[PDB]
Amino acid sequence: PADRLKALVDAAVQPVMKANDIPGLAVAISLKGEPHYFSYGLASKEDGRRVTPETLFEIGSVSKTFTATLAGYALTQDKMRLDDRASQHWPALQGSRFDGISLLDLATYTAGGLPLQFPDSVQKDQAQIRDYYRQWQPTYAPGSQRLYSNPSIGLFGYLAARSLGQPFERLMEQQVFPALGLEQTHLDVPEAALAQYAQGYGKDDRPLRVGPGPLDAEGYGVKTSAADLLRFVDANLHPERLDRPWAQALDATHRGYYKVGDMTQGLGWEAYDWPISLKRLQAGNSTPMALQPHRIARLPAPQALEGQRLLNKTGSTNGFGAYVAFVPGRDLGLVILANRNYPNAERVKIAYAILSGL
Ligand SMILES: *[B@@]1([O])OC2=C(C([O])=O)[C]=[C][C]=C2[C][C]1[N]C(=O)[C]1[C][C][C][C][C]1
C-alpha cells in the first residue's frame, strides 16, 4: 500500500519537477489521519543537501492562513469583530479612509483597491506603514471588488495583534505555533536551524531567500517543513484535536463570505466545490486572480466551508513555490513545498493528479 502511494506521488511529482527544473520538492499527505511524506531532489544544489520532510521551505502567502488563525483567535476571544471599522484598532488611522473599512474587507481583499505590494518606498517601519495607509485613497467602494493584496490582509493581521495587545511576530512564536504543535515553524529561523533552511532558486538559478519588508510576517513570512505544515493541515481537518480556544480559532477561518467564479473566499483559505475540473481549479489559482481586480458576489450569510469542498492556498516568493489543500468530506490533506517559484497551474496539476482516485 505505502509502496503504491509512493508510485502515485512519484508519477505525479516527478514529471512536473523535470518539466519546471525544480531542484528540490517535498510532499506530505494526510489520509485517514495517517501521515505520509515524500522527498525529492536537493535543498541545496551547491552543498548537495537533500530534501527531507524536515526541510524548511518558505511557504509565502500560505502564511495568510496562519495570520487568519491568529485573527480567528482574536475573534473567538471577543477582542475584535469582523464588522469593526479598521481605525478602531489603530488610533493613528482615525481620520483616514479606514474609518469606513471593515476588518472583513481587509481580510478578504475588498477594501477598495489596496495594491498587491507596498510601494518600494515604504520600508519595514511602523511610521512609514502608518503614513501609507493614512494617505491611501480607494479606487473602488469597499466590499465590491477583490484585489489580492498584502497591505490589505497584512493590515488585517496587524490589527488582530493590536486587539490582543502584543506584536504580531511575538504572538505567532509564543502562542500560535506552540498551540498548534509546530516546532519546525518559524518567522525568524533560529541560527541552530539554518542548516535545514533550503536554498531557493529562480531565473538563472540565482539563489533567493526572502528579505525583510513591511508586514512581511503577516503576508508571507512563515518558514516551515512539509511534515510540520501537514500538522497544521491536519489541525484544520480536525480542529477538535486542539484545546477549545484554538479549535474555535481554526473553525473561524472555515467560513466563506463571497464568490468569484468557482472560488469562495474565506479567511486566508480559498474554497472550491469538489469534485471540479482541473482547468477550473487552475483558473482559480492563476495569475489574473492575483494581479487583476474582480467583482464579487456576496453570499447572503457566512457559508461554512465543510463537506464536499476543497480549501486551498498558493504561496510564492522569489525562490520558493508552495501549495496547500485539503478536503473536509474526504479527510485528506496535501502539502507540496518546492524551492523554485514555478507556475501555480503546475502546483495544482501535481495535487490534482494525486487526488484523482483516492
Ligand atoms: B503570496 O505569496 O501570494 C502570491 C501568489 C500566490 O498565491 O501564489 C502569487 C503572486 C503573488 C503573491 C503575493 C504573495 N507573495 C509575495 O508577496 C512575495 C513577493 C516577492 C518577495 C517575497 C514575498
Side-chain angles (χ1 to χ4, degrees), residues 16 20 22 25 56-68 106-109 113-124 129 132 146-158 169 186-189 197-202 207-224 229 260-261 263-272 281-291 293-294 310-325 334-351:
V16 188
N20 290 274
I22 298 171
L25 184 150
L56 298 173
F57 298 92
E58 306 180 352
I59 66 171
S61 295
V62 175
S63 297
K64 292 168 170 57
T65 59
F66 289 99
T67 307
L106 296 173
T108 61
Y109 322 111
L114 278 172
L116 180 63
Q117 307 289 4
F118 277 105
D120 62 335
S121 70
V122 186
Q123 297 177 325
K124 188 173 175 65
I129 294 170
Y132 169 86
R146 179 195 191 270
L147 186 66
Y148 196 59
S149 173
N150 278 334
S152 183
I153 187 163
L155 177 56
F156 176 68
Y158 185 80
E169 280 91 339
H186 319 278
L187 296 171
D188 204 5
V189 182
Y197 196 163
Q199 184 64 256
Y201 304 90
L208 296 171
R209 284 193 171 98
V210 65
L215 301 186
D216 45 12
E218 290 86 343
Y220 54 83
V222 171
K223 301 88 180 174
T224 181
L229 183 51
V260 176
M263 190 276 282
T264 302
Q265 175 73 56
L267 298 178
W269 296 109
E270 294 165 18
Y272 298 81
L281 186 62
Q282 290 175 326
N285 292 289
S286 58
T287 297
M289 295 304 296
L291 313 185
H294 294 81
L310 186 150
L311 287 79
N312 79 148
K313 184 69 194 76
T314 49
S316 305
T317 55
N318 289 329
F320 287 74
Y323 177 73
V324 173
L334 185 60
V335 172
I336 307 171
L337 304 171
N339 62 346
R340 178 180 297 281
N341 181 14
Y342 66 115
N344 292 1
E346 303 291 312
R347 314 182 195 178
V348 181
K349 184 187 300 190
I350 302 168

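Whatever order the structure lists ligands and atoms in, that order sets their numbers, starting from 1. Just so it is clear, the values below take in all heavy atoms, side chains as well, and ignore hydrogens, waters and symmetry mates. Along the sequence shown, residues carry numbers from 1.
- Counting protein heavy atoms only, atom 10 (C) of ligand 1 is closest to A290 CB, 4.3 Å.
- For the 3.5 Å distance criterion, the side chains of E58 and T317 qualify, holding a donor opposite an acceptor.
- Partners of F66 under the ring pair (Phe, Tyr, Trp, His ring centres under 6.0 Å) rule, at least two apart in sequence or in another chain, are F177, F232.
- Any N or O atom pair closer than 3.5 Å counts here, and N150 shares at least one such pair with ligand 1.
- The protein atom (non-hydrogen) at minimum distance from atom 21 (C) of ligand 1 is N318 ND2, 3.9 Å.
- Applying the 4.0 Å criterion to heavy atoms of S316 picks out, from ligand 1, the atoms 2 (O), 6 (C), 8 (O), 15 (N), 16 (C), 18 (C).
- Of all the atoms in ligand 1, the ones that sit under 4.0 Å from a non-hydrogen atom of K313 are 7 (O).
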Output, in order, the C-alpha distance, side-chain angles, deciding distance and verdict of side-chain contact (heavy atoms from CB on, under 4.5 Å) for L114 and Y132. CA-CA 11 Å; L114 278 172; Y132 169 86; 4.0 Å; yes

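- Contact between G219 and ligand 1 is absent, with no heavy atom of the residue lying under 4.0 Å from the ligand.
- The shortest side-chain heavy-atom distance between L187 and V222 falls under the 4.5 Å cut-off.
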Full working for side-chain contact (heavy atoms from CB on, under 4.5 Å) between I59 and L229: CA-CA 9 Å; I59 66 171; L229 183 51; 4.0 Å; yes

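- Nearest non-hydrogen protein atom to atom 12 (C) of ligand 1 is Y148 CE2, 3.7 Å.
- Between the side chains of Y323 and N312, at least one donor-acceptor pair of N or O atoms lies under 3.5 Å.
- Nearest protein heavy-atom neighbour of atom 11 (C) of ligand 1: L116 CD2, 4.3 Å.
- In this structure, CG on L311 lies 10.0 Å from CD on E270, to the nearest 0.5 angstrom.
- Between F320 and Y197, the ring-plane angle classifies as tilted under the 30° and 60° cut-offs.
- Nearest protein heavy-atom contact of atom 16 (C) of ligand 1 is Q117 NE2, 3.4 Å.
- In terms of protein heavy-atom proximity, atom 6 (C) of ligand 1 is closest to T314 OG1, 3.2 Å.
- Using a 4.0 Å cut-off between heavy atoms, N344 contacts ligand 1 through its side chain alone, with no backbone atom that close.
- Nearest protein heavy-atom contact of atom 13 (C) of ligand 1 is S61 OG, 3.5 Å.
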